[PDB]
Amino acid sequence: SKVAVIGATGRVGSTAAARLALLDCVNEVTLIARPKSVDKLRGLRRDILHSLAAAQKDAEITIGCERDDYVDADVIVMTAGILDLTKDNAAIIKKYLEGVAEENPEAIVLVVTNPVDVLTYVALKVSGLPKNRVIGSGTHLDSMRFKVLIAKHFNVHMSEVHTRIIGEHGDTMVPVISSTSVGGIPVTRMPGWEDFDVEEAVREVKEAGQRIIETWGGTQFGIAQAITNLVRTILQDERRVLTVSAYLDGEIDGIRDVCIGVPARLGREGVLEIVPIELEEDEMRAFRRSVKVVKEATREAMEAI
């Protein structure tokens, strides 16, 4: 399996490529950058190879700056980026991913560049790939953090909690308490749920990104591990129900023609299906509002081309 990382010179790309190389299901990682940044990729390549030696792991680490270098990959991770920024990043998506289905119709693309929901739609539109082979990180990490917050409240092993945050990876994210469980027990029926402040929790999840930006400079190790989790789930055909930004086609509320954070059973074929989750009234209204923000943002992004 070959995983290409476009934007490997950045904080997210660099750390993603390092942790992806450690996966046993990844035999080759190709670092992609602008032609005037490949020399920096030569250093990153050596540093990662040193990490593998230390961890007693093996992977092929190649470098390049052209379409021929990453088009044949099994997974293409887009981490290259910076209203007008959504423009410029959307253009980057286009330059890299336009017409990929013609050379490799079996490619899987995972977009991380923000706005992730908008740019996954751009990636799918320009790529020509099937809707099941183009996704974005979306609210995956947000859901995993919410999962930990609940597990710590009830003081149970993390694996016992199943939860998800759907919608935009941003202010309009929606927690789905209606499909949240602790050891299979609906969380509303668990002792102590009354003492969990869902709103504070969501707030902690929603603002963390901006707080990290103004202090450490931006997310790095968090998003990198989330990418690793998604790529492993795919390449090892694990068929987990993960919350990622995917193209909706009526599976939830007949909502259609948008890419947004939703539960998806993920395997080697990409999105095997979007789980038709049934939302309560409030959850449905918040989810509809979130779709409204993403669709308008997607329209402006496409108008820009």
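Each residue number is its position in the shown sequence, starting from 1.
- Per the record, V156 and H157 are directly connected, with no deposited-sequence residue omitted between them.
- Stretches compared: 296-304, 3-11. Higher mean C-alpha B-factor in the entry: 296-304.
- The deposited model assigns a higher average Cα B-factor to 32-40 than to the other stretch when 32-40 and 239-247 are compared.
- The entry assigns its greatest Cα B factor, within the set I252, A264, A54, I260, to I252.
- Of the candidates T139, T79, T188, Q225, the deposited coordinates give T188 the top C-alpha B factor.
- Residue-level temperature factors show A16 in the lowest third of its chain, judged at the C-alpha atom.
- For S181, the recorded CA temperature factor ranks within the middle third of the chain's modelled residues.
- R45 sits in the middle third of its chain by CA B factor, as recorded in the PDB entry.
- Looking at the C-alpha B-factors along this chain, the one for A286 belongs to the highest third.
- Ranked by Cα temperature factor within the chain, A123 sits in the lowest third according to the deposited record.
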